[PDB]
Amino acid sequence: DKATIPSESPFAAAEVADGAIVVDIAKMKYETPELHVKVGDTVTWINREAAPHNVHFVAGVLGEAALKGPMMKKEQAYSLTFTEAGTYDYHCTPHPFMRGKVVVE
């Protein structure tokens, strides 16, 4: 795989790790829709809205399987630690008009 998952389920926004690269989900959008990080960085999405959101990478992007992240409730967070260079597109499962990408380089 090209990312590891610290926590399979969401955790509180206040529990964000030191050094994590935060993407806010606000105004119905990934507020940083194209993020550039280095190998080994942890990206943490934080849902700021009442509507639940996730991140969803189709099969063949982060690895063989799709990575369908857990639904984050308001003020919950979810992390992926990227371990390989590449370009990784994702969307929100219930709201597929929400699109983002992580470029690892």
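Just count from 1 along the sequence shown to find any residue number.
Taking only CA atoms, the mean B-factor in the PDB entry is higher for 9 to 17 than for the other of 82 to 90 and 9 to 17. Ranked by C-alpha B-factor against the other modelled residues of its chain, residue 53 falls in the lowest third. Residue-level temperature factors show residue 103 in the lowest third of its chain, judged at the C-alpha atom. Sort the modelled residues of the chain by CA B factor and residue 72 lands in the middle third. Residue 62 sits in the middle third of its chain by CA B factor, as recorded in the PDB entry. In the PDB entry, a CA B factor belonging to the highest third of its chain's modelled residues is recorded for residue 28.
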